[PDB]
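Novice: Enclosed is the structure file coords07.tsv (TSV, C-alpha atoms).
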```tsv
chain	number	residue	atom	x	y	z
A	48	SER	CA	7.29	9.51	10.99
A	49	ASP	CA	4.42	7.05	10.84
A	50	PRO	CA	1.77	8.53	13.12
A	51	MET	CA	3.46	11.79	12.45
A	52	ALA	CA	2.70	11.12	8.84
A	53	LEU	CA	-0.96	10.21	9.43
A	54	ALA	CA	-1.33	13.56	11.12
A	55	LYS	CA	-0.04	15.62	8.22
A	56	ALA	CA	-2.23	13.64	5.95
A	57	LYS	CA	-5.27	14.57	8.09
A	58	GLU	CA	-4.00	18.05	8.58
A	59	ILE	CA	-4.04	18.48	4.82
A	60	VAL	CA	-7.51	17.12	4.31
A	61	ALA	CA	-8.75	19.59	6.77
A	62	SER	CA	-9.08	22.74	4.66
A	63	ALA	CA	-9.83	21.70	1.82
A	64	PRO	CA	-12.91	22.10	0.70
A	65	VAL	CA	-11.72	19.61	-1.84
A	66	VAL	CA	-8.48	17.69	-1.56
A	67	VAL	CA	-6.99	15.30	-4.12
A	68	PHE	CA	-3.94	13.32	-3.14
A	69	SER	CA	-2.13	12.80	-6.41
A	70	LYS	CA	0.99	12.10	-8.44
A	71	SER	CA	2.44	14.19	-11.23
A	72	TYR	CA	2.40	11.48	-13.72
A	73	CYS	CA	-0.93	9.86	-12.96
A	74	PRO	CA	-3.37	9.81	-15.93
A	75	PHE	CA	-6.50	9.41	-13.75
A	76	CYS	CA	-5.60	12.16	-11.22
A	77	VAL	CA	-5.69	14.56	-14.16
A	78	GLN	CA	-9.21	13.47	-15.14
A	79	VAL	CA	-10.31	14.21	-11.72
A	80	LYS	CA	-8.74	17.63	-11.56
A	81	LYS	CA	-10.36	18.49	-14.70
A	82	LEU	CA	-13.73	17.27	-13.73
A	83	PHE	CA	-13.65	19.66	-10.91
A	84	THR	CA	-12.47	22.52	-12.89
A	85	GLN	CA	-15.06	22.10	-15.52
A	86	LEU	CA	-17.54	21.85	-12.73
A	87	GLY	CA	-16.77	25.22	-11.20
A	88	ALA	CA	-15.02	23.52	-8.31
A	89	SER	CA	-11.89	24.42	-6.45
A	90	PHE	CA	-9.36	22.19	-4.92
A	91	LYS	CA	-5.98	21.59	-3.44
A	92	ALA	CA	-3.69	19.03	-4.93
A	93	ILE	CA	-0.70	17.31	-3.53
A	94	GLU	CA	1.72	15.71	-5.86
A	95	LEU	CA	3.35	13.13	-3.80
A	96	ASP	CA	6.17	12.31	-6.12
A	97	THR	CA	7.25	15.94	-5.76
A	98	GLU	CA	7.55	15.82	-1.94
A	99	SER	CA	10.11	14.07	0.21
A	100	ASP	CA	7.51	12.61	2.52
A	101	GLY	CA	4.62	11.88	0.19
A	102	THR	CA	5.53	8.22	0.22
A	103	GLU	CA	4.91	7.94	3.90
A	104	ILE	CA	1.73	9.74	3.55
A	105	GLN	CA	0.66	7.32	0.92
A	106	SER	CA	1.33	4.64	3.50
A	107	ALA	CA	-0.63	6.58	6.06
A	108	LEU	CA	-3.55	7.16	3.69
A	109	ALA	CA	-3.48	3.40	3.12
A	110	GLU	CA	-3.86	2.49	6.74
A	111	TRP	CA	-6.28	5.25	7.35
A	112	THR	CA	-8.62	4.75	4.41
A	113	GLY	CA	-7.66	1.44	2.81
A	114	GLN	CA	-6.98	3.11	-0.55
A	115	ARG	CA	-3.48	2.65	-1.80
A	116	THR	CA	-3.97	4.07	-5.28
A	117	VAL	CA	-4.09	7.61	-6.33
A	118	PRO	CA	-5.81	9.83	-6.52
A	119	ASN	CA	-7.52	10.07	-3.13
A	120	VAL	CA	-10.36	12.46	-3.31
A	121	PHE	CA	-11.65	14.18	-0.23
A	122	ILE	CA	-14.54	16.61	-0.25
A	123	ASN	CA	-14.62	18.37	3.14
A	124	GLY	CA	-16.40	15.48	4.68
A	125	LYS	CA	-13.65	13.00	4.33
A	126	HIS	CA	-13.10	10.19	1.86
A	127	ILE	CA	-14.62	9.73	-1.62
A	128	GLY	CA	-11.99	7.41	-2.96
A	129	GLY	CA	-10.66	7.47	-6.49
A	130	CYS	CA	-11.41	9.00	-9.87
A	131	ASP	CA	-12.85	5.69	-10.31
A	132	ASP	CA	-15.61	6.72	-7.89
A	133	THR	CA	-15.75	10.49	-8.12
A	134	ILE	CA	-17.07	10.20	-11.61
A	135	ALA	CA	-19.89	7.82	-10.63
A	136	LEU	CA	-20.99	10.40	-8.11
A	137	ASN	CA	-21.29	12.79	-10.97
A	138	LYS	CA	-23.43	10.42	-12.94
A	139	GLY	CA	-26.28	11.07	-10.59
A	140	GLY	CA	-26.43	14.79	-10.24
A	141	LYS	CA	-25.01	14.54	-6.72
A	142	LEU	CA	-21.36	15.34	-6.90
A	143	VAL	CA	-22.39	18.79	-7.74
A	144	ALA	CA	-24.15	18.80	-4.36
A	145	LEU	CA	-21.33	17.68	-2.03
A	146	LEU	CA	-19.21	20.21	-3.70
A	147	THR	CA	-21.69	22.88	-3.16
A	148	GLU	CA	-22.17	22.08	0.40
A	149	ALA	CA	-18.46	22.34	0.79
A	150	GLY	CA	-18.37	25.55	-1.33
A	151	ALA	CA	-18.17	26.47	-5.05
```
What is this file in structure tokens?
Specialist:
Amino acid sequence: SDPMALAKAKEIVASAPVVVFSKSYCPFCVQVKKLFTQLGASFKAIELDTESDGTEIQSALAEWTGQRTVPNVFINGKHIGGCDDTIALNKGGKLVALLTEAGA
């Protein structure tokens, strides 16, 4: 797959608005998903452990964005990073913006 993988990855992120690459069993990914939901957001999630490819993706996402952990939050305009970040963008009443611009 490889570049075939990197495509699907990108394909996914496009539409969106929000996209969280994720695993089923990831504590943090769930904090994210909630944050959105309790924000009035709307997203699309992709549990990579579920899918047969998802591991290649993860490799793709790594090359592409340098983030090997999950989740991988995208808000329309590309890469936000992790939960680890997404929250901090909510500290300052901004994450509500980017989400709005993308649609809530």
Novice: Nearest to residue 76 in chain A among A:130, A:61, A:51, A:142, with distances taken over all atoms listed in the file: which residue is it?
Specialist: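 With all atoms listed in the file as the atom set, the closest residue is A:130.
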Novice: Given the choices A:57, A:70, A:81, A:115, which gets closest to residue 93 in chain A if the distance is worked out from all atoms listed in the file?
Specialist: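 Counting all atoms listed in the file, the residue closest to residue 93 in chain A is A:70.
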Novice: Which is closest to residue 53 in chain A among A:65, A:77, A:108, A:86, if we use only C-alpha atoms?
Specialist: A:108
Novice: So how far away is CA of residue 124 in chain A from CA of residue 147 in chain A, in Å?
Specialist: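 Spanning CA of residue 147 in chain A to CA of residue 124 in chain A is a straight-line distance of 12.0 Å.
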Novice: Can you tell me how far CA of residue 78 in chain A sits from CA of residue 138 in chain A, in Å to one decimal?
Specialist: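 Straight-line distance from CA of residue 78 in chain A to CA of residue 138 in chain A works out to 14.7 Å.
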Novice: Which polymer residues have any atom within 9 Å of an atom of residue 112 in chain A, counting all atoms listed in the file, with same-chain residues fewer than 5 positions away left out, as number ranges by chain?
Specialist: A: 107, 126, 128
Novice: Using all atoms listed in the file, pick whichever of A:120, A:151, A:104, A:135 has the shortest atom-to-atom distance to residue 50 in chain A.
Specialist: A:104
Novice: Distance CA of residue 48 in chain A-CA of residue 64 in chain A, one decimal place?
Specialist: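 Going from CA of residue 48 in chain A over to CA of residue 64 in chain A covers 25.9 Å.
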Novice: Using all atoms listed in the file, which of A:123, A:89, A:116, A:133 sits nearest residue 68 in chain A?
Specialist: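 When distances to residue 68 in chain A are compared using all atoms listed in the file, the smallest one comes from A:116.
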Novice: Compare A:49, A:139, A:69, A:110 by their minimum atom-to-atom distance to residue 98 in chain A, counting all atoms listed in the file, and give me the closest one.
Specialist: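 Result for the nearest residue to residue 98 in chain A: A:69.
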Novice: If the box runs along x, y and z of the file and leaves 6 Å on each side of range 56-60 of chain A, what are its centre and edge lengths in Å, one decimal, as AutoDock Vina command-line options?
Specialist:
```
--center_x -4.9 --center_y 16.1 --center_z 6.4 --size_x 17.3 --size_y 16.8 --size_z 16.3
```
